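Below is one structure; the comments refer to it alone.
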Amino acid sequence: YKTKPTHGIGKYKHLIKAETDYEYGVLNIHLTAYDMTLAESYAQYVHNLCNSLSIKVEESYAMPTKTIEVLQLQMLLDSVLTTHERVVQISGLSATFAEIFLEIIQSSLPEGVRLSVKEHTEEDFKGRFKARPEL
Amino acid sequence: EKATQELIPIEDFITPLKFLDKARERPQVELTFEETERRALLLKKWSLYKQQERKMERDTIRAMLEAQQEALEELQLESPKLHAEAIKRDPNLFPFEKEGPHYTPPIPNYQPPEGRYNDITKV
Amino acid sequence: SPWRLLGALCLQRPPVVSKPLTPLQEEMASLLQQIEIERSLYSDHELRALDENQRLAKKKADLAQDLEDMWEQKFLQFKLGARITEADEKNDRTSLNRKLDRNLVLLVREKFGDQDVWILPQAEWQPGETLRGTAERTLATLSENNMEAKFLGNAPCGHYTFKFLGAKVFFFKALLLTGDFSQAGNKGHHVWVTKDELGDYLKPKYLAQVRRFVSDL
Amino acid sequence: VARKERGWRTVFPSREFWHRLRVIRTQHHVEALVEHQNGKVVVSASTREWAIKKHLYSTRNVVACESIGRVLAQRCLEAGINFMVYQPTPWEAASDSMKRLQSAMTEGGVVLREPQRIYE
Amino acid sequence: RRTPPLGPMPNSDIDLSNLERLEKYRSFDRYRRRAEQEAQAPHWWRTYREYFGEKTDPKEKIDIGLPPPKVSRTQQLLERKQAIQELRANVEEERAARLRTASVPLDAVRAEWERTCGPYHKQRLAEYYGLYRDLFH
Amino acid sequence: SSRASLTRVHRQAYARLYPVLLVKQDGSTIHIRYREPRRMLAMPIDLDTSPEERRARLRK
RNA sequence: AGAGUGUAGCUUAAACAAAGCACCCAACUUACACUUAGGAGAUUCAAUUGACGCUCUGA
């Protein structure tokens, strides 16, 4: 009851969420590789170590894969390969901490991988949706 | 513009229509007791190995962090502006690109056969 | 109060070849391959193989093998790259060919009036400059060849002092993207080296702190 | 004839019992407590005890769970507690460990259903 | 009208100025454990305990009885470690545990229990049944 | 290092994916799991702006 | 060379004992997370007092 000292004992909305340098905007991490399983395992390791370091992770998603056909014209020969792309979004990594972060990532990086790390841009987000030609 | 843009389907999360045929099915060779025991022992040994790996990873990263912070606080005590200069970010360090290791090093003089490539993707 | 401030760069070359797996790692890899082939589903190869074997079985009462044999022969014909170089490990210690499995770092021949020491390159800092400035100044001075050493951080990584009067060097880290070994005749004996024989080589205790600081991995 | 605390329909533990079983399995040990609605224990069992731990391989496997169950059923029907109650979560009940535990207890001779209170 | 809170209000130790860094209850069981320990902790407001609890005196319960023997804890733990490591080194217990077929001698367990720590459990049972409060007041 | 490479195929209903070698333009070699039991694929080159260089590599 | 310190990573836990948390492998999960089923750990030595390890303070 309001008058009594027990007021406000039950409220929880202020606990739960309502809905310069050393402040790094939302960064994106692309991982391209021929092995979908290797890509997934590396992304899983990254997500687990991020959770361990208590660094925030917005979301992780897969970009549309793509298959490429290669043909040798000495005589005509054909072959095909696939390429898979994973993406992670992070934020809040400290300045000096980002150094060791990226360094450990590079060190534990396995073969058959290409990793890019950049600032999150609307271009990346709009490159996921179908390229509707009507517009 | 106000329409909810669709998302390109991922071909990895879509089982090919030609994967449900019942003609593929293989006979399943029942496992032996000793082989299953070997499998379980292998799994637990590898779990131990991985936890030791992450233990030494923790140690390395903690040592690196504490040493970096010692250097940082010494620089702060000595030069009260260069520590802020170091804490400042820098844009050229955000965009990185790197490759992974290789099963073998590049050959000094090796040319591949003459061919071309072509990407194939759908909406 | 005679002081002196130095900046230094430490480039870490990552290896290009995978580290040779532990026997346990290789055995569990074989086990994973076994489990994967056990749980796997049919592919076009298995389809055509089994179907044409059954076709042959039918025709007897009434190729994939050729392709895989040809592929095996092509594999045997082709030659792979070298991993370890016994000669280059000794006579070309100042080379990349000796070790492609683990990360590398260099060391320079430095001399001081008070004590001659085998240490990592450094340079003197002046006021109108950043420590990273001194770092790229040192690399541009001591490179003497075509190679770029890209940075990975602005924060300080090492702090090491010594008295005679007082000198204080701060170490930054950097990445090694390219590198050659031209101008082989040098005063400073630059040598790409790993942590083990680095520790075996050099004496100091500030350097021992460098040892425990640098990641072994 | 006693009165059990009927109510608390909104909260998960239903206090309408006389003797409750509470199982706590950690990542190191496993214990089972038979207590009264007062919150005061009447009998206990735990893998932490040396008598039970010396005979066992692991303090946390299904074997440990069913062994604690059998020992606790022995203690219960020694202490006269032939009826008792157990409020598990969905996954806690679906687990094979607790399933085999309660099966061991039932075959030991204790049912996890308490009689219906009398008064006419 | 308002009044100050007598005791320290709950959920006051946490900081809300920083909320995302904080760790969250990711398990009903964690929340339940927290709740049980909170409930067993005392509080200044009126609660279930001070109505439906026996209201045991805060003073000690007098018992001039047989004290425990002086057992050398060092060699006790040493022998226990020897026993547990011998058991772990044994070979059949692995398959026994991983196939869920093992058991234990009930008689031996009972004997070792009543020798080691039976008396405490029996004291608990007695004070439950009310023998002590009725006999020795 | 490379430790998270060897892994279980985190997917249900996966066809045969056998290990195979892949060679880039520089001769660098890597592993990739591929459908049929190949032994190596190789990446070719198509186009540079030098017309005389294109003609020379076509001759040789 | 001198000062401090000292339970597995954390906990001023210590009888009925080395407890709880943290952590790791596998499965579901796009992934994380939950959950299930499994995995390893220690108070350095002699009687709170000394002597083996740790940090700091000097050359």
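Residue numbering restarts at 1 for every chain of the structure tokens, chains are lettered A, B, ... in their displayed order, and ligands are numbered from 1 as they appear.
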
Note to self: Let's see if you can do this: from backbone DSSP, list all strand (DSSP E or B) residues in chain A, as an MDAnalysis selection string.
What the structure shows: chainID A and resid 27:33 56:73 76:91 114:119 129

Residues of chain G within 12 Å of chain A, only C-alpha atoms (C1' of nucleotides) counted, as a PDB file with N, CA and C atoms (P, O5', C5', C4', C3', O3' and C1' of nucleotides), in the first residue's frame:
ATOM      1  P     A G  22      26.367 -21.789 -12.540  1.00  0.00           P
ATOM      2  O5'   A G  22      27.847 -21.402 -12.986  1.00  0.00           O
ATOM      3  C5'   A G  22      28.245 -20.042 -13.049  1.00  0.00           C
ATOM      4  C4'   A G  22      29.712 -19.885 -13.369  1.00  0.00           C
ATOM      5  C3'   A G  22      30.210 -20.550 -14.640  1.00  0.00           C
ATOM      6  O3'   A G  22      29.878 -19.855 -15.827  1.00  0.00           O
ATOM      7  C1'   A G  22      31.705 -21.031 -12.900  1.00  0.00           C
ATOM      8  P     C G  23      29.362 -20.681 -17.105  1.00  0.00           P
ATOM      9  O5'   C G  23      30.552 -21.701 -17.402  1.00  0.00           O
ATOM     10  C5'   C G  23      31.840 -21.214 -17.743  1.00  0.00           C
ATOM     11  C4'   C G  23      32.858 -22.318 -17.893  1.00  0.00           C
ATOM     12  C3'   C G  23      32.592 -23.343 -18.982  1.00  0.00           C
ATOM     13  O3'   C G  23      32.892 -22.869 -20.282  1.00  0.00           O
ATOM     14  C1'   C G  23      33.296 -24.448 -17.020  1.00  0.00           C
ATOM     15  P     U G  30      16.210 -24.228 -36.328  1.00  0.00           P
ATOM     16  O5'   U G  30      17.534 -23.546 -36.890  1.00  0.00           O
ATOM     17  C5'   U G  30      18.092 -23.958 -38.127  1.00  0.00           C
ATOM     18  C4'   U G  30      19.429 -23.306 -38.375  1.00  0.00           C
ATOM     19  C3'   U G  30      20.365 -23.237 -37.179  1.00  0.00           C
ATOM     20  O3'   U G  30      21.077 -24.441 -36.959  1.00  0.00           O
ATOM     21  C1'   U G  30      20.285 -21.127 -38.244  1.00  0.00           C
ATOM     22  P     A G  31      21.335 -24.961 -35.461  1.00  0.00           P
ATOM     23  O5'   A G  31      22.185 -23.793 -34.794  1.00  0.00           O
ATOM     24  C5'   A G  31      23.501 -23.508 -35.237  1.00  0.00           C
ATOM     25  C4'   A G  31      24.009 -22.209 -34.664  1.00  0.00           C
ATOM     26  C3'   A G  31      23.921 -22.065 -33.153  1.00  0.00           C
ATOM     27  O3'   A G  31      24.955 -22.732 -32.453  1.00  0.00           O
ATOM     28  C1'   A G  31      23.059 -20.126 -34.154  1.00  0.00           C
ATOM     29  P     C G  32      24.685 -23.272 -30.965  1.00  0.00           P
ATOM     30  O5'   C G  32      24.339 -21.956 -30.140  1.00  0.00           O
ATOM     31  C5'   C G  32      25.316 -20.941 -29.978  1.00  0.00           C
ATOM     32  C4'   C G  32      24.777 -19.734 -29.254  1.00  0.00           C
ATOM     33  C3'   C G  32      24.252 -19.965 -27.848  1.00  0.00           C
ATOM     34  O3'   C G  32      25.276 -20.086 -26.879  1.00  0.00           O
ATOM     35  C1'   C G  32      22.741 -18.595 -29.032  1.00  0.00           C
ATOM     36  P     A G  33      25.066 -21.052 -25.612  1.00  0.00           P
ATOM     37  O5'   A G  33      23.604 -20.688 -25.098  1.00  0.00           O
ATOM     38  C5'   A G  33      23.371 -19.484 -24.387  1.00  0.00           C
ATOM     39  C4'   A G  33      21.919 -19.330 -24.008  1.00  0.00           C
ATOM     40  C3'   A G  33      21.297 -20.486 -23.246  1.00  0.00           C
ATOM     41  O3'   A G  33      21.628 -20.501 -21.869  1.00  0.00           O
ATOM     42  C1'   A G  33      19.860 -19.864 -24.991  1.00  0.00           C
TER      43        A G  33
END

Next item on the list: Using only C-alpha atoms, find the residues of chain F whose closest atom to chain B is at most 9 Å away, then write them as number ranges by chain.
Entry: F: 2, 11-15, 21, 23-31, 42-46

Mind writing the picked residues with N, CA and C atoms as a JSON list (two decimals), in the first residue's frame?
[["chain", "number", "residue", "atom", "x", "y", "z"],
["F", 2, "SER", "N", 44.08, -24.11, -36.02],
["F", 2, "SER", "CA", 42.87, -24.58, -36.69],
["F", 2, "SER", "C", 42.35, -25.77, -35.90],
["F", 11, "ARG", "N", 23.67, -30.69, -39.75],
["F", 11, "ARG", "CA", 22.54, -30.67, -40.66],
["F", 11, "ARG", "C", 21.97, -32.07, -40.79],
["F", 12, "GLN", "N", 20.66, -32.14, -40.97],
["F", 12, "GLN", "CA", 19.95, -33.40, -41.13],
["F", 12, "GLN", "C", 19.74, -33.69, -42.61],
["F", 13, "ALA", "N", 19.79, -34.97, -42.96],
["F", 13, "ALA", "CA", 19.55, -35.43, -44.33],
["F", 13, "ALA", "C", 20.56, -34.81, -45.30],
["F", 14, "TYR", "N", 21.83, -35.12, -45.05],
["F", 14, "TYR", "CA", 22.94, -34.62, -45.86],
["F", 14, "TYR", "C", 23.49, -35.75, -46.71],
["F", 15, "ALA", "N", 23.73, -35.45, -47.99],
["F", 15, "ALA", "CA", 24.20, -36.45, -48.94],
["F", 15, "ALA", "C", 25.68, -36.74, -48.69],
["F", 21, "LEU", "N", 40.60, -31.99, -52.84],
["F", 21, "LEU", "CA", 41.57, -30.90, -52.85],
["F", 21, "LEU", "C", 41.08, -29.78, -53.77],
["F", 23, "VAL", "N", 42.68, -26.21, -55.61],
["F", 23, "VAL", "CA", 43.87, -25.45, -55.94],
["F", 23, "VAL", "C", 43.44, -24.10, -56.49],
["F", 24, "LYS", "N", 44.01, -23.03, -55.94],
["F", 24, "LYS", "CA", 43.74, -21.69, -56.42],
["F", 24, "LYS", "C", 44.73, -21.34, -57.53],
["F", 25, "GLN", "N", 44.66, -20.09, -58.01],
["F", 25, "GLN", "CA", 45.52, -19.68, -59.12],
["F", 25, "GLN", "C", 46.99, -19.70, -58.71],
["F", 26, "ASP", "N", 47.28, -19.39, -57.45],
["F", 26, "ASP", "CA", 48.65, -19.39, -56.95],
["F", 26, "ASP", "C", 49.18, -20.78, -56.63],
["F", 27, "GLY", "N", 48.40, -21.83, -56.89],
["F", 27, "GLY", "CA", 48.77, -23.16, -56.48],
["F", 27, "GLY", "C", 48.48, -23.49, -55.03],
["F", 28, "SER", "N", 47.91, -22.56, -54.27],
["F", 28, "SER", "CA", 47.57, -22.83, -52.88],
["F", 28, "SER", "C", 46.47, -23.88, -52.81],
["F", 29, "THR", "N", 46.63, -24.83, -51.90],
["F", 29, "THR", "CA", 45.77, -26.00, -51.79],
["F", 29, "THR", "C", 44.98, -25.95, -50.49],
["F", 30, "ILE", "N", 43.71, -26.36, -50.55],
["F", 30, "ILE", "CA", 42.86, -26.47, -49.37],
["F", 30, "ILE", "C", 41.96, -27.69, -49.50],
["F", 31, "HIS", "N", 41.33, -28.06, -48.39],
["F", 31, "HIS", "CA", 40.36, -29.14, -48.36],
["F", 31, "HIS", "C", 38.94, -28.59, -48.53],
["F", 42, "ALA", "N", 40.78, -27.30, -59.76],
["F", 42, "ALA", "CA", 41.73, -26.22, -59.99],
["F", 42, "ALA", "C", 41.01, -25.00, -60.54],
["F", 43, "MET", "N", 41.42, -23.82, -60.08],
["F", 43, "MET", "CA", 40.78, -22.57, -60.49],
["F", 43, "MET", "C", 41.54, -21.96, -61.66],
["F", 44, "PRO", "N", 40.89, -21.72, -62.81],
["F", 44, "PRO", "CA", 41.60, -21.10, -63.94],
["F", 44, "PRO", "C", 41.58, -19.58, -63.92],
["F", 45, "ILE", "N", 42.12, -18.97, -64.97],
["F", 45, "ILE", "CA", 42.11, -17.52, -65.14],
["F", 45, "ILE", "C", 41.56, -17.21, -66.52],
["F", 46, "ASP", "N", 40.87, -16.07, -66.63],
["F", 46, "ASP", "CA", 40.18, -15.71, -67.86],
["F", 46, "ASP", "C", 40.75, -14.47, -68.53]]

Note to self: At a cut-off of 12 Å, which residues of chain C touch chain G? Count only C-alpha atoms (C1' of nucleotides) and give the answer as a ChimeraX atom specification.
What the structure shows: /C:162-164

Output N, CA and C atoms for every residue in the selection just made, as a PDB file, in the first residue's frame.
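And here's selection_7.pdb as it stands now:
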ATOM      1  N   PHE C 162      64.567   0.599 -18.271  1.00  0.00           N
ATOM      2  CA  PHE C 162      65.900   0.250 -17.800  1.00  0.00           C
ATOM      3  C   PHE C 162      66.686   1.518 -17.500  1.00  0.00           C
ATOM      4  N   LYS C 163      67.548   1.426 -16.492  1.00  0.00           N
ATOM      5  CA  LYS C 163      68.307   2.557 -15.985  1.00  0.00           C
ATOM      6  C   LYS C 163      69.792   2.373 -16.270  1.00  0.00           C
ATOM      7  N   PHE C 164      70.502   3.496 -16.308  1.00  0.00           N
ATOM      8  CA  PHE C 164      71.955   3.484 -16.447  1.00  0.00           C
ATOM      9  C   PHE C 164      72.616   3.902 -15.138  1.00  0.00           C
TER      10      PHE C 164
END

Under the rule of at most 10 Å, produce a per-residue listing of chain C near chain F: chain, number, name, the closest pair of atoms, and the distance in Å, as a Markdown table, using only C-alpha atoms.
| residue | atom | partner | partner_atom | distance |
| --- | --- | --- | --- | --- |
| C:14 | CA | F:1 | CA | 9.3 |
| C:15 | CA | F:1 | CA | 8.6 |
| C:16 | CA | F:28 | CA | 9.7 |
| C:17 | CA | F:1 | CA | 9.4 |
| C:18 | CA | F:2 | CA | 6.4 |
| C:19 | CA | F:1 | CA | 6.3 |
| C:20 | CA | F:2 | CA | 9.5 |
| C:21 | CA | F:3 | CA | 8.7 |
| C:25 | CA | F:6 | CA | 8.6 |
| C:26 | CA | F:6 | CA | 9.1 |
| C:28 | CA | F:6 | CA | 8.6 |
| C:29 | CA | F:6 | CA | 6.1 |
| C:30 | CA | F:6 | CA | 9.4 |
| C:32 | CA | F:8 | CA | 6.5 |
| C:33 | CA | F:8 | CA | 8.4 |
| C:35 | CA | F:8 | CA | 8.2 |
| C:36 | CA | F:8 | CA | 7.0 |
| C:37 | CA | F:16 | CA | 7.0 |
| C:38 | CA | F:16 | CA | 9.8 |
| C:39 | CA | F:14 | CA | 8.2 |
| C:40 | CA | F:15 | CA | 5.4 |
| C:41 | CA | F:15 | CA | 4.0 |
| C:42 | CA | F:15 | CA | 4.9 |
| C:43 | CA | F:15 | CA | 5.1 |
| C:44 | CA | F:35 | CA | 7.5 |
| C:45 | CA | F:36 | CA | 5.4 |
| C:46 | CA | F:36 | CA | 8.1 |
| C:64 | CA | F:36 | CA | 9.3 |
| C:67 | CA | F:38 | CA | 8.8 |
| C:68 | CA | F:37 | CA | 6.8 |
| C:69 | CA | F:38 | CA | 9.9 |
| C:70 | CA | F:38 | CA | 9.6 |
| C:71 | CA | F:39 | CA | 5.9 |
| C:72 | CA | F:39 | CA | 6.7 |
| C:73 | CA | F:39 | CA | 9.4 |
| C:74 | CA | F:39 | CA | 7.9 |
| C:75 | CA | F:39 | CA | 6.0 |
| C:76 | CA | F:39 | CA | 9.5 |
| C:78 | CA | F:40 | CA | 9.4 |
| C:80 | CA | F:29 | CA | 8.4 |
| C:81 | CA | F:29 | CA | 8.5 |
| C:101 | CA | F:1 | CA | 8.7 |
| C:102 | CA | F:1 | CA | 8.0 |
| C:103 | CA | F:1 | CA | 9.3 |
| C:217 | CA | F:1 | CA | 7.2 |

Note to self: as JSON, numbers by chain, please: the residues near residue A:2 (cut-off 10 Å, only C-alpha atoms (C1' of nucleotides), same-chain neighbours under 2 positions excluded).
What the structure shows: {"A": [4, 5, 6, 7, 8], "E": [1, 2, 3]}

Note to self: Please check the contacts: residues of chain G at most 12 Å away from chain D, using only C-alpha atoms (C1' of nucleotides), listed as an MDAnalysis selection string.
What the structure shows: chainID G and resid 16:23 34:41

Please produce a file of the residues just selected, as a PDB file, in the first residue's frame, where the atoms kept are C-alpha atoms (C1' of nucleotides).
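What landed in result24.pdb:
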ATOM      1  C1'   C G  16      27.780 -35.570   9.091  1.00  0.00           C
ATOM      2  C1'   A G  17      33.268 -32.754   4.143  1.00  0.00           C
ATOM      3  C1'   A G  18      36.672 -31.322   0.767  1.00  0.00           C
ATOM      4  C1'   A G  19      30.357 -27.677  -0.834  1.00  0.00           C
ATOM      5  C1'   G G  20      28.043 -24.281  -4.335  1.00  0.00           C
ATOM      6  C1'   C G  21      28.943 -21.490  -8.515  1.00  0.00           C
ATOM      7  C1'   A G  22      31.705 -21.031 -12.900  1.00  0.00           C
ATOM      8  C1'   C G  23      33.296 -24.448 -17.020  1.00  0.00           C
ATOM      9  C1'   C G  34      16.819 -23.545 -22.256  1.00  0.00           C
ATOM     10  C1'   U G  35      16.712 -28.567 -21.538  1.00  0.00           C
ATOM     11  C1'   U G  36      18.507 -33.842 -21.485  1.00  0.00           C
ATOM     12  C1'   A G  37      22.784 -37.346 -20.953  1.00  0.00           C
ATOM     13  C1'   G G  38      27.831 -37.503 -19.828  1.00  0.00           C
ATOM     14  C1'   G G  39      33.301 -35.094 -18.253  1.00  0.00           C
ATOM     15  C1'   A G  40      38.008 -33.060 -14.915  1.00  0.00           C
ATOM     16  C1'   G G  41      39.660 -30.494 -11.029  1.00  0.00           C
TER      17        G G  41
END

Margin query: I want to know what sits within 10 Å of residue G:25, based on only C-alpha atoms (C1' of nucleotides), with residues of the same chain fewer than 3 positions away left out; could you give that as a ChimeraX atom specification?
Written below: /B:43-51 /G:38-39

Closest contacts (chain B/chain E, max 12 Å, only C-alpha atoms) as CSV:
residue,atom,partner,partner_atom,distance
B:33,CA,E:95,CA,10.2
B:34,CA,E:95,CA,10.6
B:36,CA,E:95,CA,10.9
B:37,CA,E:95,CA,8.2
B:38,CA,E:95,CA,11.4
B:40,CA,E:98,CA,9.3
B:41,CA,E:94,CA,9.9

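In this model, the gap between atom CA of residue E:36 and atom CA of residue D:84 comes to 20.8 Å.
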
Item checked: Test item: chain C residues at most 7 Å from chain A, counting only C-alpha atoms, as a VMD selection string -> chain C and resid 18 152 to 153 155

Considering only C-alpha atoms, tabulate each residue of chain A that lies at most 12 Å from chain E along with its nearest interatomic pair and the corresponding distance in Å to one decimal; arrange the rows by chain and ascending residue number and present them as CSV.
residue,atom,partner,partner_atom,distance
A:1,CA,E:2,CA,9.4
A:2,CA,E:2,CA,6.2
A:3,CA,E:2,CA,4.4
A:4,CA,E:3,CA,5.8
A:5,CA,E:5,CA,4.3
A:6,CA,E:5,CA,6.8
A:7,CA,E:5,CA,8.4
A:8,CA,E:9,CA,9.1
A:9,CA,E:10,CA,7.1
A:10,CA,E:10,CA,9.3
A:11,CA,E:11,CA,9.8
A:12,CA,E:11,CA,9.3
A:13,CA,E:16,CA,10.9
A:14,CA,E:16,CA,7.5
A:15,CA,E:16,CA,6.6
A:16,CA,E:19,CA,8.4
A:17,CA,E:19,CA,8.0
A:18,CA,E:19,CA,11.1
A:51,CA,E:23,CA,10.9
A:52,CA,E:23,CA,11.5
A:53,CA,E:21,CA,11.0
A:54,CA,E:21,CA,7.5
A:55,CA,E:21,CA,8.4
A:56,CA,E:21,CA,8.3
A:57,CA,E:20,CA,11.4
A:91,CA,E:20,CA,11.8
A:92,CA,E:21,CA,9.9
A:93,CA,E:21,CA,11.8

Margin query: Rounded to one decimal, what separation in Å do you get between atom CA of residue C:119 and atom CA of residue C:98?
Written below: 21.5 Å

Next item on the list: Please give the complete set of residues from chain A that DSSP, run on the backbone, assigns to helix (DSSP H, G or I), formatted as a VMD selection string.
Entry: chain A and resid 36 to 53 95 to 108 122 to 126

Could you list, with a cut-off of 8 Å and counting only C-alpha atoms, the residues of chain D near chain E, each shown with its nearest atom pair and the distance in Å rounded to one decimal, rows sorted by chain and ascending number, as a Markdown table?
| residue | atom | partner | partner_atom | distance |
| --- | --- | --- | --- | --- |
| D:38 | CA | E:53 | CA | 6.9 |
| D:41 | CA | E:124 | CA | 7.7 |
| D:42 | CA | E:125 | CA | 5.7 |
| D:43 | CA | E:121 | CA | 6.9 |
| D:44 | CA | E:121 | CA | 7.7 |
| D:51 | CA | E:112 | CA | 5.4 |
| D:52 | CA | E:109 | CA | 6.1 |
| D:54 | CA | E:84 | CA | 6.3 |
| D:55 | CA | E:104 | CA | 6.4 |
| D:56 | CA | E:104 | CA | 7.7 |
| D:57 | CA | E:93 | CA | 6.0 |
| D:58 | CA | E:97 | CA | 7.5 |
| D:61 | CA | E:97 | CA | 7.2 |
| D:62 | CA | E:100 | CA | 6.7 |
| D:63 | CA | E:100 | CA | 5.5 |
| D:67 | CA | E:103 | CA | 6.7 |
| D:71 | CA | E:106 | CA | 7.3 |

Save the residues we just selected, N, CA and C atoms, as a PDB file, in the first residue's frame?
ATOM      1  N   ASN D  38       5.863 -27.724   6.646  1.00  0.00           N
ATOM      2  CA  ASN D  38       6.532 -26.722   7.461  1.00  0.00           C
ATOM      3  C   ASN D  38       7.843 -26.253   6.853  1.00  0.00           C
ATOM      4  N   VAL D  41      12.834 -30.637   7.437  1.00  0.00           N
ATOM      5  CA  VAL D  41      13.110 -31.964   6.911  1.00  0.00           C
ATOM      6  C   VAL D  41      12.688 -33.019   7.924  1.00  0.00           C
ATOM      7  N   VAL D  42      12.194 -34.142   7.411  1.00  0.00           N
ATOM      8  CA  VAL D  42      11.958 -35.317   8.227  1.00  0.00           C
ATOM      9  C   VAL D  42      12.952 -36.432   7.923  1.00  0.00           C
ATOM     10  N   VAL D  43      13.431 -36.545   6.685  1.00  0.00           N
ATOM     11  CA  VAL D  43      14.497 -37.488   6.362  1.00  0.00           C
ATOM     12  C   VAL D  43      15.190 -37.009   5.094  1.00  0.00           C
ATOM     13  N   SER D  44      16.432 -37.447   4.903  1.00  0.00           N
ATOM     14  CA  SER D  44      17.279 -36.924   3.843  1.00  0.00           C
ATOM     15  C   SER D  44      18.135 -38.037   3.261  1.00  0.00           C
ATOM     16  N   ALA D  51      29.390 -43.107   2.902  1.00  0.00           N
ATOM     17  CA  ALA D  51      28.867 -44.467   2.850  1.00  0.00           C
ATOM     18  C   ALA D  51      28.313 -44.794   1.471  1.00  0.00           C
ATOM     19  N   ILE D  52      27.578 -43.861   0.876  1.00  0.00           N
ATOM     20  CA  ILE D  52      27.003 -44.093  -0.443  1.00  0.00           C
ATOM     21  C   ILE D  52      27.985 -43.758  -1.560  1.00  0.00           C
ATOM     22  N   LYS D  54      31.327 -44.168  -1.628  1.00  0.00           N
ATOM     23  CA  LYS D  54      32.434 -45.097  -1.822  1.00  0.00           C
ATOM     24  C   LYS D  54      32.077 -46.200  -2.809  1.00  0.00           C
ATOM     25  N   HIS D  55      30.815 -46.622  -2.831  1.00  0.00           N
ATOM     26  CA  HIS D  55      30.383 -47.720  -3.684  1.00  0.00           C
ATOM     27  C   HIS D  55      30.082 -47.295  -5.114  1.00  0.00           C
ATOM     28  N   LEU D  56      30.144 -46.004  -5.428  1.00  0.00           N
ATOM     29  CA  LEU D  56      29.606 -45.482  -6.674  1.00  0.00           C
ATOM     30  C   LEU D  56      30.714 -44.969  -7.582  1.00  0.00           C
ATOM     31  N   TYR D  57      30.443 -45.024  -8.887  1.00  0.00           N
ATOM     32  CA  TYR D  57      31.382 -44.522  -9.883  1.00  0.00           C
ATOM     33  C   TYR D  57      31.279 -43.010 -10.026  1.00  0.00           C
ATOM     34  N   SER D  58      30.075 -42.506 -10.283  1.00  0.00           N
ATOM     35  CA  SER D  58      29.837 -41.083 -10.457  1.00  0.00           C
ATOM     36  C   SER D  58      28.667 -40.657  -9.586  1.00  0.00           C
ATOM     37  N   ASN D  61      25.146 -39.611 -12.226  1.00  0.00           N
ATOM     38  CA  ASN D  61      24.531 -40.357 -13.307  1.00  0.00           C
ATOM     39  C   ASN D  61      23.162 -40.895 -12.895  1.00  0.00           C
ATOM     40  N   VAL D  62      22.479 -41.492 -13.873  1.00  0.00           N
ATOM     41  CA  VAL D  62      21.201 -42.139 -13.609  1.00  0.00           C
ATOM     42  C   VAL D  62      21.363 -43.220 -12.554  1.00  0.00           C
ATOM     43  N   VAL D  63      22.521 -43.879 -12.525  1.00  0.00           N
ATOM     44  CA  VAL D  63      22.779 -44.876 -11.493  1.00  0.00           C
ATOM     45  C   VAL D  63      22.739 -44.226 -10.119  1.00  0.00           C
ATOM     46  N   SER D  67      19.984 -45.006  -7.259  1.00  0.00           N
ATOM     47  CA  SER D  67      20.502 -45.512  -5.995  1.00  0.00           C
ATOM     48  C   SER D  67      20.028 -44.648  -4.836  1.00  0.00           C
ATOM     49  N   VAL D  71      17.679 -45.965  -1.733  1.00  0.00           N
ATOM     50  CA  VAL D  71      18.082 -45.759  -0.346  1.00  0.00           C
ATOM     51  C   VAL D  71      17.057 -44.898   0.378  1.00  0.00           C
TER      52      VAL D  71
END

Next item on the list: Find the residues of chain B in contact range of chain C, meaning any atom within 9 Å when counting only C-alpha atoms, and list them as a PyMOL selection string.
Entry: chain B and resi 19+24-26+28-29+39+42-43+45-46+56-57+60-61+63-65+67-72+74-75+82-83+85-90+93-94+100-107

Next item on the list: Please provide the set of residues having any atom within 8 Å of residue F:32, restricted to only C-alpha atoms (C1' of nucleotides), with same-chain residues fewer than 6 positions apart removed, written as a VMD selection string.
Entry: (chain A and resid 34 to 35 112) or (chain F and resid 19 to 22)
